[PDB]
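Enquirer: Chains B and A supply the protein sequences, listed in that same order.
Mapping of the first sequence onto the authors' numbering: residues 2 to 30, 35 to 86, 91 to 330, 332 to 447, 449 to 750, 763 to 770, 773 to 775, 810 to 919, in sequence order.
Mapping of the second sequence onto the authors' numbering: residues 1 to 30, 35 to 748, 753 to 773, 818 to 920, in sequence order.
Even for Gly, the Cβ is constructed at its ideal location relative to N, Cα and C.
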Amino acid sequence: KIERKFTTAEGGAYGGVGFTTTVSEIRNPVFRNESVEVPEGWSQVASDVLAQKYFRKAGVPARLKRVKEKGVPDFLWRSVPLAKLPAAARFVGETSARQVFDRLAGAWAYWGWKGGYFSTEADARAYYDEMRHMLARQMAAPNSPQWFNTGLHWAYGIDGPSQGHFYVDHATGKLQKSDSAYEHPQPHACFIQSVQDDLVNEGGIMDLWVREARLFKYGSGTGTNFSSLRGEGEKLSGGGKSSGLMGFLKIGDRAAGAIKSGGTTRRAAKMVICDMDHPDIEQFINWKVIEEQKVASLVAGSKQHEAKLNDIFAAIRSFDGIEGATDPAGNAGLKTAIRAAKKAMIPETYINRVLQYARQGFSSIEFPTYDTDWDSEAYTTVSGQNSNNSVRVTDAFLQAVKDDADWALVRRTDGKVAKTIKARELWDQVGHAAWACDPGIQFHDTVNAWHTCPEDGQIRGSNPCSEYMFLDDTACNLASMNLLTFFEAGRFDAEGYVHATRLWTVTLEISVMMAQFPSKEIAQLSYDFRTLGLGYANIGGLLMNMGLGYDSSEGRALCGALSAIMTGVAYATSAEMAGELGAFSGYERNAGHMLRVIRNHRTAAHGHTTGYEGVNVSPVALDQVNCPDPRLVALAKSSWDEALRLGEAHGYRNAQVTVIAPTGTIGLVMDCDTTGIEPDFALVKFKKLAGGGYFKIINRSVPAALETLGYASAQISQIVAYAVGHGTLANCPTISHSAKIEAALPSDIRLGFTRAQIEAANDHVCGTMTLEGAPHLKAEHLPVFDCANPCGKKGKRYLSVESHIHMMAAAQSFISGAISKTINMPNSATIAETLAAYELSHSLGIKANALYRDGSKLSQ
Amino acid sequence: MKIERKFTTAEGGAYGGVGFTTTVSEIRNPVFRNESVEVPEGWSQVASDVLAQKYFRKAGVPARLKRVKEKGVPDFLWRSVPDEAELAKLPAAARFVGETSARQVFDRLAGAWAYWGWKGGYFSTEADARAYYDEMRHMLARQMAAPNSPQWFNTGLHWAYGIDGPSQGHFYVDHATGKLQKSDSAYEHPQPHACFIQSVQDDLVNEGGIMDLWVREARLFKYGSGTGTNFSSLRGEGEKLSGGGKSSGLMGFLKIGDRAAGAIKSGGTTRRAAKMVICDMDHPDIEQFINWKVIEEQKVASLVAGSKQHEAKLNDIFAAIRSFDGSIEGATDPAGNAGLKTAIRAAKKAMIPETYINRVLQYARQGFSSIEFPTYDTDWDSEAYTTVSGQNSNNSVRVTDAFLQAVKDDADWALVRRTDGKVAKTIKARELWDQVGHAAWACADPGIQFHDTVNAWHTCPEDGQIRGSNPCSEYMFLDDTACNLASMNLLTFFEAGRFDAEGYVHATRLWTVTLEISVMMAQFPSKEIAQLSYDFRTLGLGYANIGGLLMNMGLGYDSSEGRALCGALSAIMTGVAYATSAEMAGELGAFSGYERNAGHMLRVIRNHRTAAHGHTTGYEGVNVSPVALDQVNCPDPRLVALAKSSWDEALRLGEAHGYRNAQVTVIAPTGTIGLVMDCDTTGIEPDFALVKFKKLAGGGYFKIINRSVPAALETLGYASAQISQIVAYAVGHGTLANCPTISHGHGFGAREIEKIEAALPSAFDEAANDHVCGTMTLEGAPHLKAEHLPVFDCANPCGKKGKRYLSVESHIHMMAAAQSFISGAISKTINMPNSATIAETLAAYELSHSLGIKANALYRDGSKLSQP
Ligand SMILES: Nc1ncnc2c1ncn2[C@H]1C[C@H](O)[C@@H](COP(=O)(O)OP(=O)(O)OP(=O)(O)O)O1
Ligand SMILES: Nc1ncnc2c1ncn2[C@H]1C[C@H](O)[C@@H](COP(=O)(O)OP(=O)(O)OP(=O)(O)O)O1
Ligand SMILES: [Mg+2]
Ligand SMILES: [Mg+2]
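Have a look at this one:
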């Protein structure tokens, strides 16, 4: 039975929340539509995403039916389909955010009782309402495929023919294939597919491209561990040798580059992992490195070709007295030009080719040159630029870290040593590759120390963002909650955080039941383990609304405390669903292992530094000391004391509870100041609206931040004008008096007018873009405003590399799947410091990570 | 059906008068050796090497065998399996060996044909089956004919040795029930088909779609087969999807299957994947298809130049820091190192991206004073050529007669969309023709296939138009069908100065039966191919060594007589083969798809027939009239009579019972089976040199005269006293006796002994070199008349001094004489001199269309970087 904490039955889901109307549009130097209706306090980057990312533009009719069901209530009856109107208006597109809200949360609760997740009809609406309130309050949101593909058959009756998509009955447990692609929604965007050492059969190499391409066609991402593939030189039973791992990786990389995510600008999300003991590991590590060099040589050689080949055209037309010019015997400078196209390594074929054109009386040569733009032809020529490539490393390899031991790259066919190598020498290649370009790293022993069901195999791979780590051929449904939107007044709504987690743990399962999967194996494996992926975001957005730095043990404490609460309330919620409907079919097989993941969790939640069973690196305990504790750190010990006790009685409905996803698109309709576990990137940003947009404003985070500290209202406006500027040169900048000030704060003049970069005008008319060296503010209270990058042109302080990592390790001891992250390092970063970030990550109990040095790639 | 004997007697068997002897085959680097090779005495060392290293079953052949008695099966046709009881009397190493004699190959080849043909009811009596068994093996031993390599690899392994294995994804149709089945075994049903034409639909991930095609293609590449597909059904780039968004275009998905083909070795060997990609001239992306390989060759060259420049210019940066005095960061800055500022200057003058100059600077700061920047070259197998795309495909363009008309009329050309059929973009037809000319002139691609000439001879239009071909463009039929090939060595039918037409008709009939039995015995790599191959049963009988036959008859390749002979021999082959098909349809019925295409095929047969009677008119529904059989110029008037009689009988029997097979003849390249047959020339090709290298058993070669040169000059009438002087002019006297430029001396009398005997190697280290090692040509030779000189023209000039060769026109007109009597097409790639222009390449494509040719391809010498 579910409660009611944010709504009343009399007011419904929208009592206390207003409503407005805005207009979304595009145009180049013509997609439009204006009726789009959006709730209160909603931004337009929120409103505009929903208008063409999540709205349906056609296919719903004007007014349509209910259907008689008898199981459960009237308000959750499906809708199904024109002589009222002409050919038009039988053809309408969505227009209000409540239309999608009611079809998302309605289809949630509709299927929800079909499975019997409710006790009474009173719970159905008390859940149908309570969840729409969090959608309108931007409190939480599921993954984007749910924002559109859920509830079109429930609320509108949209349907069509289908194939390839297979599901299972929620009541019988039988494998079925779909006759419709809409009546069974598709809530999953992550997939961890498998691949075998085989070409043409199912589950093989060429089959995987067929499996990935139907994923890419729908918009989902996929990740695969390819180390099952035998290396280059491994023999064939009745033939010769294999081409190698990289040769087949380039087939899939080329296929990902040609298949768009549903046809739009979005690239294909694809992850390519390889074990450290693979014979072709050095080719895998240096894949992006040498392909990046091919891009560099393509632009250098093409320009050198275009120049020299025209200088050879020079000597034949500089000749006046004939065309004896083709001969490299008697011409003004053709003997100089042929040795000028040599000299620069131009192949002899294209030099004779150019004078072969001249003998036909030809004017030109069409030799295109290439650049370093990322959508160029050069990058499309090379491989790798469509895959995220990580490396699976065992703790044994990083125990040859210290002993300077020898590493065995073992063959796949006959499990025999193919080549020996110093481990640090191989570790040296990993540091250089990521320093210049990739690969990411995933610690195989750390991720499997928290694997809930190892009897069904080891954790071998991840999704394109390394956030979801379960068995192969498993999907996952996602949802993240905007953290700061429970924060009104000075306390934080723990009353609502656990109600949000408990309620959102349930809706995620209901689409493990509601779903229709792109393959039959993934369909059953999903039903068998009912994996979940609940996360949070915007924690960096509140951590200074809090009033305390991102790089602060007082902040990692709060992070690990609410990360413990969410995952604890989620596991305890899943144990409550296992007593009413039964644990997931794969639990009893692994009841001994899954329960050990949970006791290791709350041992890390009780702050204990010891007592861990089966972990390779003991997780970072939760800081009992430095947490602000608005009745919180004890609440984290409360849920896992209850999740362990409840799970011991009924098991668990889900094998995994939580993740941390890069809530990029989904964090925009939520008005999340920061995304995922990240901090904010600036104290100054912009924002669009109807007619024209991107009038610059001040990050509303630090007005409320300094309000938390001892400060008067006019006594922080203080610094906003110091940071956003005055929008005029009207009174005492260095470019006032004399040489029309309706630039209206764009923050350029269309100088050569003698101005020794005295752009304190920019510091004046447009603000310092930073609070470093600001009026009034106490020195000890500015580290609480450090961002991801140095704020502004003259800002110099930022959150260091360990600030990002230590924040991660504090949360990962209380999350099922890894935290997705790529930390920017300064251009100064050396190869030693790059491995230092990886080596620090494993010692801190992190499962996966990714680096990027500033200015390292030609894609700048 | 009755099978007669012409080459054997029942008492003599298959090898009566055929002597067998044993040789040695060996391979190594500056590895594998077979000390056991038994071959017919006439076989060369090269043919033995091909047999031993490619066709012999190298392992798994049991040393003791035992027959499996079957009911109704003659005893000599019984299967055999390992004799497990008698194998245990041997050391474990001797129980399963490899094949050792050509007889084993011959026996298991014809044994399986006779065995399966018997169960299929193809033989009237046991005597006919034994005659077939005997005549088949005799021809194989006598190098008169050969099936395509997959038959040499695979046919008879299960029938002769019981060799078996598991099988997935392969299918066949039961000859008795007609129901589709799945193979339990990988060897019981042989896989004799080498070429496949495959369809693809405008779909990404459904069966028959794009990604599924790569799976199908990969399945063929693993076994060693080649693929051909017309991709014109794929959406143009920018065509909207009804689910929202555009398609990324045809070239993007072509890049996928091209990258897959480069990563899959055909047959697992060092061989490359045989892949044919075809686009229609009205496709919206036709411009990117035409200039595809043109741009990729530039990308290769840019990689060669850009990498070496990146190497050279970035090493100098290190040398500027290493020879700096010793502050090593007042060394990394160019403000304190004058030589370093010169290096960065020379690096940016080379257009090297500065994002890469900051890296090597930051790299030197940490202590490393070295870097590996790999540099690429123009070799075909190196990393540069596999980085780019297209290299794993033969790109052909499919041209309509209306387009060629629009080029003549300077009309404009619409590029039709695939979804709605509306005009994507209008282009001038002539400038589109100029790109095809410029592309093929620069990087050999694209080739061309004439859609209307191909479908003018399509015998089964009710089941669709011929849309594509096989990798070498000889097989042309419906999509999702295969074809088994076999070629006859024409020269073997020439002895005592006359062409044994009676035996040629005999070999055609028996090999037509053989190829049809191969359809019945086969298993196929997909259900649709298995069903369609069962329903139409296309055969690919062909020939080789017509150029070697022409030279042996004293006829030039570029002559009316040589073209009239090939047309007659091609008319007899296809005529007898079609008449044999019609007779087989008399006893067992026409193929399932014939009844609805009868009026269509019989029309094709009539045009073949009227082409045989010499009529320059009398063709039904044909866009470009074929080259009718030259009646007055053929050197043997009896062959012109036999051609007319064969097509009269082929149509008469077709009118009665139809035909067992929808296609029947083809001209394959015969590259490997030509070596095993010891054909002087392959397919329709002429010869290439007047002196050749003979391979010795242990290793090394030594040059000899083209064996057809003495036979030619005899036919023309040159006396034996003149023959030896003409040959020694070409091959040389081997060793410095008779020279008039530098010979005997004034010196060594001791080291002279075998200074001189060491002069046959023919490296020679003025015109004294031409004396001992020969001119290697016949122009300017003693005794030889000037009107007989063209008889020795070859595709390439011979020797360093030789200057005449066969014209491009000679090649094309020889094709046109044969194409009129070929079911499919003729695999040909014409090599043109480096001096050729873009207009001359288009003229070659234009001349081929006007002469009834179905497809062609050109390679200008020196055009590709791949050519050393
Ligand atoms: N023709 C080929 N060229 C190159 N690599 C190939 C080829 N065929 C297969 N491979 C590679 C792909 C895989 O890495 C590996 C196994 O492929 P496949 O032969 O289908 O497996 P298999 O399970 O049948 O084993 P085996 O080949 O030993 O019988 O060999
Ligand atoms: N996501 C994609 N990105 C790029 N091209 C795509 C994508 N999906 C399909 N295509 C291309 C592949 C083909 O060229 C063409 C049709 O493929 P597909 O959409 O699967 O066909 P379909 O038969 O389902 O038709 P339709 O898209 O009209 O419903 O579009
Ligand atoms: Mg295999
Ligand atoms: Mg589609």
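For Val-54 of chain A, which residues in chain B fall below 8 Å Cβ to Cβ?
Expert: Working through the second sequence from its first residue, we reach residue 54 of chain A at position 50. Those do not exist, as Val-54 of chain A stays about 18 Å from chain B at its closest Cβ, beyond 8 Å.
Enquirer: Taking Cβ to Cβ, would you say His-174 of chain B is nearer than 8 Å to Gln-469 of chain B?
Expert: Mapped onto the first sequence, residue 174 of chain B falls at position 165. Mapped onto the first sequence, residue 469 of chain B falls at position 458. Not a contact, by the Cβ cut-off of 8 Å.
Enquirer: Determine contact between the segment 485–495 of chain B and the segment 543–550 of chain B, defined as no fewer than three beta-carbon pairs at a distance below 8 Å.
Expert: Segment contact: the segment 485–495 of chain B against the segment 543–550 of chain B, three or more CB-CB distances shorter than 8 Å; contact assigned.
Enquirer: Can you pull the chain B neighbours of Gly-249 of chain A, defined as C-beta to C-beta under 8 Å?
Expert: What you label residue 249 of chain A is simply residue 245 of the second sequence in a count that begins at 1. In chain order: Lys-269, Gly-271, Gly-272 and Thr-273.
Enquirer: Leaving aside the five residues before and after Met-140 of chain B along the sequence, list all residues of the same chain whose C-beta is less than 7 Å from its C-beta, in chain order.
Expert: For the purposes of this step, residue 140 of chain B is taken as residue 131 along the first sequence, with counting starting at 1. Correct list, in chain order: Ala-114, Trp-117, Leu-514 and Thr-518.
Enquirer: Using the DSSP secondary-structure output, state which residues sit across from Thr-676 of chain B in a beta bridge.
Expert: The sequence position of residue 676 of chain B within the first sequence is 665, counting from 1. DSSP, once it has assigned bridges, lists no residue as partnering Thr-676 of chain B.
Enquirer: How would you write the range of the beta strand (DSSP E) that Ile-452 of chain A sits in, first residue to last?
Expert: In the second sequence, residue 452 of chain A corresponds to position 448, counting from 1. DSSP places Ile-452 of chain A inside the beta strand (DSSP E), whose first and last residues are 451–454.
Enquirer: Going by the beta-carbon positions, is the gap between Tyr-59 of chain B and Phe-127 of chain B smaller than 8 Å?
Expert: On the first sequence, position 54 is the one that residue 59 of chain B refers to. On the first sequence, position 118 is the one that residue 127 of chain B refers to. No, they are not a contact pair.
Enquirer: Please tell me whether, using a cut-off of 7 Å, the distance from the CB of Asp-385 of chain B to the nearest non-hydrogen atom of ligand 6 is below it.
Expert: As far as ligands go, the structure on display features ligand 1, ligand 2, ligand 3 and ligand 4 and does not contain ligand 6.
Enquirer: Could you pull the DSSP bridge partners for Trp-296 of chain B from this structure?
Expert: The residue labelled residue 296 of chain B in the question sits at position 287 within the first sequence. DSSP, once it has assigned bridges, lists no residue as partnering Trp-296 of chain B.
Enquirer: Are the CB atoms of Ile-533 of chain B and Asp-484 of chain B within a distance shorter than 8 Å?
Expert: Position 473 of the first sequence holds residue 484 of chain B. Position 522 of the first sequence holds residue 533 of chain B. Yes.
Enquirer: Could you name the residues of the segment 212–230 of chain A whose beta carbon sits closer than 7 Å to any beta carbon of chain B, in the order they occur along the chain?
Expert: When C-beta distances to chain B are compared with 7 Å, the residues of the segment 212–230 of chain A below that value are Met-215, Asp-216, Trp-218, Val-219, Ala-222, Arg-223 and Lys-226, in chain order.
Enquirer: Would DSSP call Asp-773 of chain B helix, strand or coil?
Expert: Translated into the one-based positions of the first sequence, residue 773 of chain B becomes position 748. In this structure, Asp-773 of chain B counts as coil in the three-state DSSP scheme.
Enquirer: Does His-314 of chain B get closer than 8 Å to chain A when you measure Cβ to Cβ?
Expert: By one-based count along the first sequence, residue 314 of chain B stands at place 305. For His-314 of chain B, the answer is yes, since a Cβ of chain A falls inside 8 Å of its Cβ.
Enquirer: Does ligand 1 have even one heavy atom less than 7 Å from the beta-carbon of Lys-426 of chain B?
Expert: The count along the first sequence starts at 1 and reaches residue 426 of chain B at position 416. False, no ligand heavy atom lies under 7 Å from that Cβ.
Enquirer: If you draw a straight line from the C-alpha of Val-403 of chain B to the C-alpha of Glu-435 of chain A, how long is it?
Expert: For the purposes of this step, residue 403 of chain B is identified with residue 393 of the first sequence, where counting begins at 1. For the purposes of this step, residue 435 of chain A is identified with residue 431 of the second sequence, where counting begins at 1. Near 57 Å, if we compare the C-alpha coordinates of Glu-435 of chain A and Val-403 of chain B.
Enquirer: Considering only C-alpha positions, which residue in the set A:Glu-291, A:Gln-292, A:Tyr-538 and A:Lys-429 is nearest to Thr-181 of chain A?
Expert: Mapped onto the second sequence, residue 181 of chain A falls at position 177. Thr-181 of chain A has its Cα closest to that of A:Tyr-538, out of A:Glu-291, A:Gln-292, A:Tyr-538 and A:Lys-429.
Enquirer: Quick one, which of B:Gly-64, B:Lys-70 and B:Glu-315 has its alpha-carbon nearest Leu-161 of chain B's?
Expert: Stepping through the first sequence from its first residue, residue 161 of chain B is reached at position 152. Out of B:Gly-64, B:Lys-70 and B:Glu-315, B:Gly-64 has the C-alpha closest to the C-alpha of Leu-161 of chain B.
Enquirer: Pick out the complete alpha helix (DSSP H) segments inside the segment 701–738 of chain A, 4 residues or longer, and give them in chain order.
Expert: 712–720 and 724–735
Enquirer: So, for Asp-286 of chain B: in the same chain, excluding its five sequence neighbours on each side, which residues have a beta-carbon less than 7 Å away from its beta-carbon?
Expert: What you label residue 286 of chain B is simply residue 277 of the first sequence in a count that begins at 1. Result list for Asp-286 of chain B: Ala-418, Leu-419 and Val-420, in chain order.
Enquirer: Measuring only the C-alpha atoms, how far is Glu-88 of chain A from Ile-167 of chain A?
Expert: Looking up residue 88 of chain A in the second sequence gives position 84. Looking up residue 167 of chain A in the second sequence gives position 163. Cα-Cα distance, rounded: 13 Å.
Enquirer: Which residue comes first and which comes last in the beta strand (DSSP E) that contains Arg-37 of chain A?
Expert: By 1-based counting over the second sequence, the position of residue 37 of chain A is 33. From DSSP, the beta strand (DSSP E) with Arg-37 of chain A extends over 36–44.
Enquirer: Going by DSSP in three states, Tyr-191 of chain A sits in which element: helix, strand or coil?
Expert: One-based indexing of the second sequence puts residue 191 of chain A at position 187. Coil, per DSSP.
Enquirer: Out of curiosity, what's the CA-to-CA distance linking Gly-16 of chain B and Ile-290 of chain B?
Expert: As a first step, residue 16 of chain B is located in the first sequence; it is residue number 15 there, counting from the start. As a first step, residue 290 of chain B is located in the first sequence; it is residue number 281 there, counting from the start. Taking the straight line from one Cα to the other gives about 59 Å.
Enquirer: For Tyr-911 of chain A, which of helix, strand or coil comes out of DSSP?
Expert: Position 859 of the second sequence holds residue 911 of chain A. Of the three classes helix, strand and coil, the one that applies to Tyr-911 of chain A here is strand, per DSSP.
Enquirer: In whole angstroms, what is the alpha-carbon distance linking residue 936 of chain A and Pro-338 of chain A?
Expert: The question about residue 936 of chain A has no answer here: the residues shown for chain A are numbered 1 through 920.
Enquirer: By Cβ distance, which residues of its chain are closer than 6 Å to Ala-14 of chain B, with the 5 residues on each side in sequence left out?
Expert: Residue numbering aside, residue 14 of chain B sits at position 13 when the first sequence is read from its first letter. Taking C-beta separations shorter than 6 Å and ignoring five residues to either side along the sequence, the partners of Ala-14 of chain B in its chain run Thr-8, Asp-138, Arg-141 and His-142, following chain order.
Enquirer: Determine the contact status of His-612 of chain A and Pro-465 of chain A, defining contact as a CB-CB distance below 8 Å.
Expert: Here residue 612 of chain A is taken as the residue at index 608 of the second sequence, counted from 1. Here residue 465 of chain A is taken as the residue at index 461 of the second sequence, counted from 1. No, they are not a contact pair.
Enquirer: Please write down, chain order preserved, every residue whose beta carbon lies under 6 Å from a heavy atom of ligand 4.
Expert: A:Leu-245 and A:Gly-247
Enquirer: Which residues of the segment 356–369 of chain A have a Cβ closer than 8 Å to any Cβ of chain B? Give them in chain order.
Expert: If the cut-off is 8 Å between Cβ atoms, the segment 356–369 of chain A has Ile-356, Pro-357, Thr-359, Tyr-360, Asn-362, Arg-363, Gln-366 and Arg-369 near chain B.
Enquirer: DSSP puts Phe-20 of chain A in a beta bridge; with which residues?
Expert: Taking the first residue of the second sequence as position 1, residue 20 of chain A is located at position 20. Paired residues: A:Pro-44.
Enquirer: Compare the C-beta of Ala-446 of chain B with all C-beta atoms of chain A and state if any pair is closer than 8 Å.
Expert: Mapped onto the first sequence, residue 446 of chain B falls at position 436. Answer yes: the Cβ-Cβ gap between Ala-446 of chain B and chain A drops below 8 Å somewhere.
Enquirer: My parser needs the alpha helix (DSSP H) runs of 4 or more residues fully inside the segment 229–264 of chain B; what are they?
Expert: The alpha helix (DSSP H) runs lying completely inside the segment 229–264 of chain B and spanning 4 residues or more number zero.
Enquirer: Going along the chain, which residues of its own chain have a beta-carbon closer than 8 Å to the beta-carbon of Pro-196 of chain A, five neighbours each way excluded?
Expert: Locating residue 196 of chain A in the second sequence gives position 192, counting from the first residue. Excluding positions up to five away in sequence, the list reads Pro-151, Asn-152, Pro-154, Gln-155, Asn-158, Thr-159, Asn-488, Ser-522, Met-525 and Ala-526.
Enquirer: Please indicate yes or no: does the CB of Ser-252 of chain A lie closer than 7 Å to some heavy atom of ligand 2?
Expert: On the second sequence, residue 252 of chain A is found 248 positions in, with the first residue counted as 1. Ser-252 of chain A Cβ: within cutoff of ligand 2.
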